[PDB]
Structure formats: structure tokens, C-alpha cells
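Have a look at the structure below before the remarks.
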There are 2 protein chains.
Amino acid sequence: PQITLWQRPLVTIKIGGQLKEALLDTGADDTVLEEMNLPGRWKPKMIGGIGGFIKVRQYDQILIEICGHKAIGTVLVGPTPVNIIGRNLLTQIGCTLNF
Amino acid sequence: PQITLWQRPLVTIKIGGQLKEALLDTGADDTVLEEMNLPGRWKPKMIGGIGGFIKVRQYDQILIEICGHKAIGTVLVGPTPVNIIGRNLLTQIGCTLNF
Ligand SMILES: *OC(*)(*)(*)([C@@](*)(*)C(*)(*)(*)(C(*)(*)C1(*)(*)(*)=[C@@](*)(*)[C@@](*)(*)=[C@@](*)(*)[C@](*)(*)=[C@@]1(*)*)C(*)(*)(*)(=O*)[N@](*)(*)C1(*)(*)(*)C(*)(*)(*)(O*)[C@@](*)(*)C2(*)(*)(*)=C1(*)(*)(*)[C@@](*)(*)=[C@@](*)(*)[C@](*)(*)=[C@]2(*)*)[C@@](*)(*)C(*)(*)(*)([C@@](*)(*)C1(*)(*)(*)=[C@@](*)(*)[C@](*)(*)=[C@@](*)(*)[C@@](*)(*)=[C@@]1(*)*)C(*)(*)(*)(=O*)[N@@](*)(*)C1(*)(*)(*)C(*)(*)(*)(O*)[C@](*)(*)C2(*)(*)(*)=[C@](*)(*)[C@](*)(*)=[C@](*)(*)[C@](*)(*)=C12(*)(*)*
């Protein structure tokens, strides 16, 4: 699709058989989702945003379907205000910015 | 132009005759630049992101040039770690997300 930015670019994602809403965020290096249960072991990671840093759990090789496009990569879980689809997955779905 | 997301999508902006570098951020509702002086009256505002909230100064009707394209809108100034071009101005230059 072609998404305009008059509103937040929210899309439905499916992870662990659940549907959630997430933001296509070109300003985000990584993907972070609100607290949830993900399979496997996690490694520690710190991410810095506008307000400062937070500690998140890092899971590798997670399948996530974004607007019906399957992607598999690293997903972080922590105290994020919204579910964020960052550049690591955007690139897997061939998303680009156009003007 | 068509911008890929292998790297952060950084562009050159021209504000108050000052030439700068900024991030095209679709995850950002507003535009926020690092501490600088704009002409006019400003209003205090609080914007929240990952890590919490920051206090910025809000200036209305500022002209910005993004990759040659002139755009007008509100510009926030504060302790942001990077200059960010949010949705309020990406819309003015006709930016869209495509996959
Ligand atoms: O884009 C980004 C993020 C976002 C998220 C969100 C959304 C919605 C709500 C909340 C949150 C943000 O923060 N946003 C915000 C809002 O919208 C309000 C405002 C904003 C912004 C601006 C203005 C206003 C952002 C970004 C920034 C930066 C960049 C670079 C560096 C630093 C900072 C962020 O944060 N990012 C980050 C990085 O890249 C790393 C990471 C990882 C993950 C995620 C994110 C991130």
C-alpha cells in the first residue's frame, strides 16, 4: 500500500496468533512491543528515545506478520508507549519513504 | 526521492538560514530540533517518547526547507538527541510510506 501521514501510520500485526496495532516508524532503529510473552531466551538491551533510556528484553528470530507480509527478526519487549515496527523489519517488508 | 531504510533516513534541512541534518520520522507526531533560537513567541509544551517526557518550546508557523521543499508548521525546540522531522511537516512535502 501507499500510506500518507495525516494520521499515525498504524497497521495490524499478527504475532503469536494475536492481532495488535503497531506504528510503522522510520525513526526507530528496532522494533519494540509492549510487554508480552515471547518464546525462548532473551538477552538484555537498552534503547534511547526522546525521553531517555529503557531496558528491554531482546528475542531473536520471531515471526511477525505486518499487513500480511511475513517477517522474521529481532523483536524487543519493554515499557514502550506504543507497539513500534522499526527499520529492522521495515526493510524486510520492502518499505521505503517517497516524496 | 525514494529512500530506503537500510540506514537512518537523514536529510539536510535549512532553518533560519542554518543548514542542518535531520531524521524523517514517521513515528514522530511533531517536529523537534535541538536547542536553538527561533524568532517569535513560544509556548512551553511536554512531549513524551521512549524514556518519558521532555519539556520543549513550541514555535508556530516556522518555515523549513526539506531537501529543497519549503514547508510551514509548528517546530518544537528542546533537548532532543537528534533533529526530527515529524508528521506535521512530512505531510507538507508529500511524504508517504510504500511497501
Ligand atoms: O519515532 C521514534 C519513537 C516514537 C514512538 C512513539 C510514538 C507515538 C507515541 C509515543 C511514542 C516517538 O517517540 N514519538 C514521539 C511522539 O509521537 C510525540 C513526539 C515524538 C517524537 C518527536 C516529537 C513528538 C522517535 C525516535 C527519536 C530518536 C531517533 C534517533 C535517536 C534518538 C531518538 C526514537 O525514539 N528512536 C529510537 C532509536 O532509533 C532507537 C530505538 C529503538 C526502538 C524504538 C525507538 C528507538
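Starting from 1 in every chain, residues are counted up; chains themselves are A, B, ... following the order of the C-alpha cells, and ligands are numbered from 1 as listed.
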
### All residues 10 Å or closer to residue 56 (chain A), only C-alpha atoms, same chain fewer than 3 positions away omitted, as a list in words
residues 32, 33, 34, 35, 42, 43, 44, 45, 46, 47, 53, 59, 75, 76, 77, 78, 79 and 80 of chain A

Report as a Markdown table: every residue of chain A with an atom at most 6 Å from ligand 1, its closest pair of atoms, and their distance in Å to one decimal, counting only C-alpha atoms and all ligand atoms, with rows sorted by chain and ascending residue number.
| residue | atom | partner | partner_atom_place_in_ligand_line | distance |
| --- | --- | --- | --- | --- |
| A:25 | CA | ligand 1 | 1 (O) | 5.5 |
| A:27 | CA | ligand 1 | 1 (O) | 4.1 |
| A:28 | CA | ligand 1 | 39 (O) | 3.8 |
| A:29 | CA | ligand 1 | 39 (O) | 4.0 |
| A:30 | CA | ligand 1 | 43 (C) | 4.3 |
| A:31 | CA | ligand 1 | 43 (C) | 5.5 |
| A:32 | CA | ligand 1 | 43 (C) | 5.6 |
| A:47 | CA | ligand 1 | 40 (C) | 5.4 |
| A:48 | CA | ligand 1 | 40 (C) | 5.4 |
| A:49 | CA | ligand 1 | 35 (O) | 3.2 |
| A:50 | CA | ligand 1 | 33 (C) | 5.0 |
| A:81 | CA | ligand 1 | 10 (C) | 5.3 |
| A:82 | CA | ligand 1 | 7 (C) | 5.9 |

Take the residues from that selection and put them in a file with N, CA and C atoms, as an mmCIF file, in the first residue's frame.
data_model
loop_
_atom_site.group_PDB
_atom_site.id
_atom_site.type_symbol
_atom_site.label_atom_id
_atom_site.label_comp_id
_atom_site.auth_asym_id
_atom_site.auth_seq_id
_atom_site.Cartn_x
_atom_site.Cartn_y
_atom_site.Cartn_z
ATOM 1 N N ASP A 25 7.451 2.973 11.961
ATOM 2 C CA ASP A 25 8.314 4.038 12.473
ATOM 3 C C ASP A 25 9.697 4.062 11.875
ATOM 4 N N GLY A 27 11.757 6.279 12.230
ATOM 5 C CA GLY A 27 12.680 6.919 13.167
ATOM 6 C C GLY A 27 13.188 5.927 14.193
ATOM 7 N N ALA A 28 12.684 4.710 14.148
ATOM 8 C CA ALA A 28 13.070 3.664 15.122
ATOM 9 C C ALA A 28 14.022 2.670 14.483
ATOM 10 N N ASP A 29 15.163 2.491 15.188
ATOM 11 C CA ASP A 29 16.131 1.541 14.623
ATOM 12 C C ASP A 29 15.587 0.098 14.734
ATOM 13 N N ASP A 30 14.968 -0.173 15.844
ATOM 14 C CA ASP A 30 14.490 -1.522 16.162
ATOM 15 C C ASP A 30 12.977 -1.510 16.352
ATOM 16 N N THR A 31 12.459 -2.699 16.500
ATOM 17 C CA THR A 31 11.034 -2.978 16.760
ATOM 18 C C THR A 31 10.790 -3.238 18.234
ATOM 19 N N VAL A 32 9.904 -2.586 18.930
ATOM 20 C CA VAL A 32 9.703 -2.849 20.342
ATOM 21 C C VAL A 32 8.177 -2.989 20.496
ATOM 22 N N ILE A 47 17.610 0.937 25.131
ATOM 23 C CA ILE A 47 17.334 1.781 23.941
ATOM 24 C C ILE A 47 17.024 3.179 24.418
ATOM 25 N N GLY A 48 17.530 4.128 23.640
ATOM 26 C CA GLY A 48 17.346 5.548 23.943
ATOM 27 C C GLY A 48 16.352 6.168 22.965
ATOM 28 N N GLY A 49 15.386 6.859 23.521
ATOM 29 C CA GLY A 49 14.362 7.579 22.766
ATOM 30 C C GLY A 49 14.517 9.056 23.138
ATOM 31 N N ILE A 50 13.446 9.767 22.890
ATOM 32 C CA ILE A 50 13.370 11.222 23.153
ATOM 33 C C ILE A 50 13.493 11.472 24.643
ATOM 34 N N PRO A 81 5.535 3.021 24.907
ATOM 35 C CA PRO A 81 4.188 3.617 24.917
ATOM 36 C C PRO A 81 3.265 3.037 23.838
ATOM 37 N N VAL A 82 3.828 2.590 22.722
ATOM 38 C CA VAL A 82 3.092 2.017 21.618
ATOM 39 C C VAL A 82 3.911 0.866 20.999
#

Residues of chain B that have any atom at most 7 Å from an atom of chain A: could you tabulate them with the shortest-distance atom pair and the distance in Å to one decimal, using only C-alpha atoms, ordered by chain and increasing number, as a tab-separated table?
residue	atom	partner	partner_atom	distance
B:1	CA	A:99	CA	5.5
B:2	CA	A:98	CA	4.7
B:3	CA	A:97	CA	5.0
B:4	CA	A:96	CA	4.9
B:5	CA	A:91	CA	5.9
B:6	CA	A:91	CA	6.5
B:23	CA	A:27	CA	6.7
B:24	CA	A:27	CA	6.7
B:25	CA	A:27	CA	4.3
B:26	CA	A:25	CA	5.2
B:27	CA	A:25	CA	4.3
B:48	CA	A:51	CA	6.4
B:49	CA	A:50	CA	5.3
B:50	CA	A:49	CA	4.5
B:51	CA	A:51	CA	4.0
B:52	CA	A:51	CA	4.2
B:53	CA	A:51	CA	5.0
B:54	CA	A:51	CA	5.9
B:80	CA	A:50	CA	5.9
B:81	CA	A:50	CA	6.7
B:87	CA	A:5	CA	5.9
B:91	CA	A:5	CA	5.6
B:93	CA	A:99	CA	6.6
B:94	CA	A:99	CA	5.4
B:95	CA	A:99	CA	4.5
B:96	CA	A:4	CA	4.7
B:97	CA	A:97	CA	4.9
B:98	CA	A:2	CA	4.6
B:99	CA	A:95	CA	4.4

Deliver the residues from the most recent selection as a file, using N, CA, C and O atoms, as a CSV table (one decimal), in the first residue's frame.
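See result-v4.csv below for the written result:
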chain,number,residue,atom,x,y,z
B,1,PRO,N,12.4,12.0,-4.0
B,1,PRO,CA,13.3,10.8,-4.0
B,1,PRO,C,12.6,9.6,-3.3
B,1,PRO,O,11.6,9.8,-2.6
B,2,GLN,N,13.2,8.5,-3.5
B,2,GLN,CA,12.8,7.3,-2.9
B,2,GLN,C,13.9,6.9,-1.9
B,2,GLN,O,15.1,6.7,-2.3
B,3,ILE,N,13.6,6.8,-0.6
B,3,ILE,CA,14.5,6.5,0.4
B,3,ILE,C,14.3,5.1,1.0
B,3,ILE,O,13.3,4.7,1.5
B,4,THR,N,15.4,4.4,1.0
B,4,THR,CA,15.5,3.0,1.6
B,4,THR,C,15.8,3.2,3.1
B,4,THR,O,16.2,4.3,3.5
B,5,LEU,N,15.5,2.2,3.9
B,5,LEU,CA,15.7,2.2,5.3
B,5,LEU,C,16.8,1.3,5.8
B,5,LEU,O,16.8,1.0,7.0
B,6,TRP,N,17.8,1.0,4.9
B,6,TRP,CA,18.9,0.2,5.4
B,6,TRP,C,19.7,1.1,6.5
B,6,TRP,O,20.2,0.6,7.5
B,23,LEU,N,16.3,13.6,10.8
B,23,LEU,CA,15.7,12.3,10.6
B,23,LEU,C,14.3,12.4,10.1
B,23,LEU,O,13.5,13.0,10.9
B,24,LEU,N,13.9,11.8,9.0
B,24,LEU,CA,12.5,11.8,8.6
B,24,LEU,C,11.8,10.7,9.5
B,24,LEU,O,12.2,9.6,9.3
B,25,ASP,N,11.0,11.1,10.4
B,25,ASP,CA,10.5,10.2,11.4
B,25,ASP,C,9.0,10.0,11.4
B,25,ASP,O,8.3,10.9,11.9
B,26,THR,N,8.5,8.9,10.8
B,26,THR,CA,7.0,8.8,10.7
B,26,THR,C,6.4,8.4,12.0
B,26,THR,O,5.1,8.5,12.1
B,27,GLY,N,7.2,8.0,12.9
B,27,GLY,CA,6.8,7.6,14.3
B,27,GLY,C,6.6,8.9,15.1
B,27,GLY,O,6.0,8.8,16.2
B,48,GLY,N,6.2,13.3,24.9
B,48,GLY,CA,6.7,12.0,25.5
B,48,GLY,C,7.1,11.1,24.4
B,48,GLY,O,6.5,11.1,23.3
B,49,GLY,N,8.1,10.3,24.7
B,49,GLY,CA,8.5,9.2,23.8
B,49,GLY,C,9.0,8.1,24.7
B,49,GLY,O,8.6,8.0,25.8
B,50,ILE,N,9.9,7.3,24.1
B,50,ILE,CA,10.5,6.2,24.8
B,50,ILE,C,11.5,6.9,25.8
B,50,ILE,O,12.3,7.7,25.4
B,51,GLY,N,11.3,6.4,27.0
B,51,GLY,CA,12.2,7.1,28.0
B,51,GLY,C,11.4,8.1,28.8
B,51,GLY,O,11.9,8.5,29.8
B,52,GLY,N,10.2,8.6,28.3
B,52,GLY,CA,9.5,9.6,29.1
B,52,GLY,C,9.4,10.9,28.3
B,52,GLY,O,9.6,11.0,27.1
B,53,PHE,N,9.0,11.9,29.0
B,53,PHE,CA,8.7,13.2,28.6
B,53,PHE,C,9.9,14.2,28.7
B,53,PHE,O,10.7,14.1,29.6
B,54,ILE,N,9.8,15.2,27.8
B,54,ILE,CA,10.8,16.3,27.7
B,54,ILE,C,9.9,17.6,27.5
B,54,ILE,O,8.8,17.6,27.0
B,80,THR,N,16.3,17.4,22.5
B,80,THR,CA,16.2,16.2,21.7
B,80,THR,C,17.6,15.7,21.3
B,80,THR,O,18.5,16.6,21.0
B,81,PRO,N,17.8,14.4,21.3
B,81,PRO,CA,19.1,13.9,20.9
B,81,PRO,C,19.4,14.0,19.4
B,81,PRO,O,20.6,13.9,19.0
B,87,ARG,N,5.5,14.1,11.5
B,87,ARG,CA,4.3,14.0,10.6
B,87,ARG,C,3.8,15.4,10.2
B,87,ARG,O,3.3,15.5,9.0
B,91,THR,N,3.9,15.6,5.9
B,91,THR,CA,2.7,15.6,5.1
B,91,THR,C,2.9,16.8,4.1
B,91,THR,O,2.4,16.7,2.9
B,93,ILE,N,5.3,18.0,2.5
B,93,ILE,CA,6.2,17.8,1.4
B,93,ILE,C,5.7,16.5,0.6
B,93,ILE,O,6.5,16.1,-0.3
B,94,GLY,N,4.6,16.0,0.9
B,94,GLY,CA,4.0,14.9,0.2
B,94,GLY,C,4.7,13.5,0.5
B,94,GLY,O,4.6,12.6,-0.4
B,95,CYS,N,5.2,13.4,1.7
B,95,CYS,CA,5.9,12.1,2.0
B,95,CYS,C,4.9,11.0,2.3
B,95,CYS,O,3.8,11.2,2.9
B,96,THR,N,5.2,9.8,1.8
B,96,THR,CA,4.4,8.6,2.0
B,96,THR,C,5.3,7.4,2.3
B,96,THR,O,6.5,7.5,1.9
B,97,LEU,N,4.8,6.4,2.9
B,97,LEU,CA,5.3,5.1,3.2
B,97,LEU,C,4.7,4.1,2.1
B,97,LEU,O,3.5,4.0,2.0
B,98,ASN,N,5.6,3.4,1.5
B,98,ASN,CA,5.3,2.4,0.4
B,98,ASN,C,6.0,1.1,0.6
B,98,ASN,O,7.2,1.0,0.7
B,99,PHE,N,5.2,0.1,0.5
B,99,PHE,CA,5.6,-1.3,0.5
B,99,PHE,C,4.5,-2.1,-0.2
B,99,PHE,O,4.8,-3.3,-0.5

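Between CA of residue 22 (chain B) and CA of residue 22 (chain A) lies a distance of 23.6 Å.
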
### Separation of CA of residue 60 (chain A) from CA of residue 17 (chain A) in Å
17.5 Å

#### Entry: Residues of chain B in strand (DSSP E or B), written as a ChimeraX atom specification
/B:2-3,10-15,18-24,32-34,43-49,52-66,69-78,84-85,96-98

#### Entry: Between CA of residue 68 (chain B) and CA of residue 40 (chain B), distance in Å (one decimal)
24.0 Å

Quick one: residues within 9 Å of residue 13 (chain B), only C-alpha atoms counted, chain neighbours fewer than 5 positions away excluded, as a tab-separated table (two decimals) with N, CA, C and O atoms, in the first residue's frame?
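The result, stored in out_16.tsv:
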chain	number	residue	atom	x	y	z
B	18	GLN	N	20.05	28.41	8.80
B	18	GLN	CA	21.04	27.39	9.22
B	18	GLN	C	20.71	26.07	8.51
B	18	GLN	O	19.56	25.63	8.57
B	19	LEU	N	21.72	25.49	7.94
B	19	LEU	CA	21.70	24.20	7.24
B	19	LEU	C	21.86	23.04	8.26
B	19	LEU	O	22.94	23.08	8.89
B	20	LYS	N	20.95	22.09	8.39
B	20	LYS	CA	21.09	21.02	9.37
B	20	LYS	C	20.75	19.62	8.86
B	20	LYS	O	20.31	19.40	7.73
B	21	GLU	N	21.03	18.69	9.77
B	21	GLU	CA	20.72	17.29	9.45
B	21	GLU	C	19.59	16.81	10.35
B	21	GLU	O	19.58	17.16	11.53
B	22	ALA	N	18.68	16.11	9.65
B	22	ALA	CA	17.52	15.61	10.44
B	22	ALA	C	17.03	14.29	9.89
B	22	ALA	O	17.23	13.91	8.76
B	64	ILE	N	10.50	25.82	7.00
B	64	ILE	CA	11.60	24.88	6.91
B	64	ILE	C	11.65	24.44	5.42
B	64	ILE	O	10.62	24.39	4.77
B	65	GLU	N	12.84	24.12	5.05
B	65	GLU	CA	13.13	23.66	3.67
B	65	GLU	C	13.66	22.25	3.84
B	65	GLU	O	14.69	22.06	4.52
B	66	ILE	N	12.97	21.25	3.35
B	66	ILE	CA	13.40	19.86	3.50
B	66	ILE	C	13.78	19.33	2.13
B	66	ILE	O	12.91	19.09	1.28
B	67	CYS	N	15.08	19.22	1.93
B	67	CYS	CA	15.52	18.71	0.61
B	67	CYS	C	14.87	19.55	-0.49
B	67	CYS	O	14.16	19.04	-1.38
B	68	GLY	N	15.10	20.85	-0.41
B	68	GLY	CA	14.61	21.79	-1.43
B	68	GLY	C	13.17	22.17	-1.29
B	68	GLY	O	12.80	23.29	-1.70

Write out as a PDB file with C-alpha atoms, in the first residue's frame all residues of chain B that backbone DSSP assigns to alpha helix (DSSP H).
ATOM      1  CA  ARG B  87       4.337  14.044  10.567  1.00  0.00           C
ATOM      2  CA  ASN B  88       3.221  17.694  10.794  1.00  0.00           C
ATOM      3  CA  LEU B  89       5.830  18.563   8.101  1.00  0.00           C
ATOM      4  CA  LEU B  90       6.324  15.221   6.271  1.00  0.00           C
TER       5      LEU B  90
END
